[PDB]
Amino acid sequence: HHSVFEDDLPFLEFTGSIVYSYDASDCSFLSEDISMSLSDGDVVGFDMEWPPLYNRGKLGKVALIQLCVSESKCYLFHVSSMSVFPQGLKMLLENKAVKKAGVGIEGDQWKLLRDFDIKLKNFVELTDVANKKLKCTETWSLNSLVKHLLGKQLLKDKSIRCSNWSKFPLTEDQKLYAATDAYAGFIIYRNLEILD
């Protein structure tokens, strides 16, 4: 027997346009497209995924990077299928003029550095933004924030969230799951920011 607070909520699902990129140069130009549509201070939703496979003593490298730039468009950069880490993406991630929002993003910062020697700049942990704007002191997760602020829960099929993200091509379920994590970060930040 469970309480009403424990009831199952509708699932959060991104229904906008998903741009799938799996080639380095394509990704670099896409990143410049993004840079052309934003101004200093603008935010983007961010998340990354990696396969549950270990390589030479540590987690396999980041295989996918997701960026949600608006409520209708998310980019899926399948870096595991690229021959080199796209320069345009590196610049966007290292650009202090663009804020990246997510949960557990500091951890992503360190894994990105170890995996590609990329130094994520101007990232924001939604946990801190939420505690600040919502005047509380909670240990938020992306899911708990989605529930609290949007009245929905995140897709939870473990065989998808813990699937082989380095396997090309991504399935439609993987794209949905991955794009929605980035979308969540964008929407959450947007909604929290307007509060005053």
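From 1 onward, residues are counted along the sequence shown. By rigid core we mean the largest C-alpha set that fits within 1.5 Å across both forms.
RMS Cα deviation from the shown model in 4 other deposited structures of this protein, rigid core fit, is larger for 58 to 66 than for the other stretch of the pair 58 to 66 / 127 to 135. For the pair 73 to 81 and 117 to 125, the mean Cα B-factor is higher in 117 to 125.
Checked against the record, the higher mean CA B factor of 43 to 51 and 156 to 164 lies with 156 to 164. Across 62, 36, 30, 145, the entry's maximum B-factor at the CA atom is seen for 36. The PDB entry assigns residue 11 a C-alpha temperature factor belonging to the highest third of its chain's modelled residues. Sorting the modelled residues of the chain by their CA temperature factor places residue 141 in the middle third.
Per the PDB record, residue ranking by Cα B-factor puts residue 98 in the middle third of the chain. In the PDB entry, a CA B factor belonging to the middle third of its chain's modelled residues is recorded for residue 112. In this PDB entry, residue 105 carries a Cα temperature factor that places it within the highest third of its chain's modelled residues.
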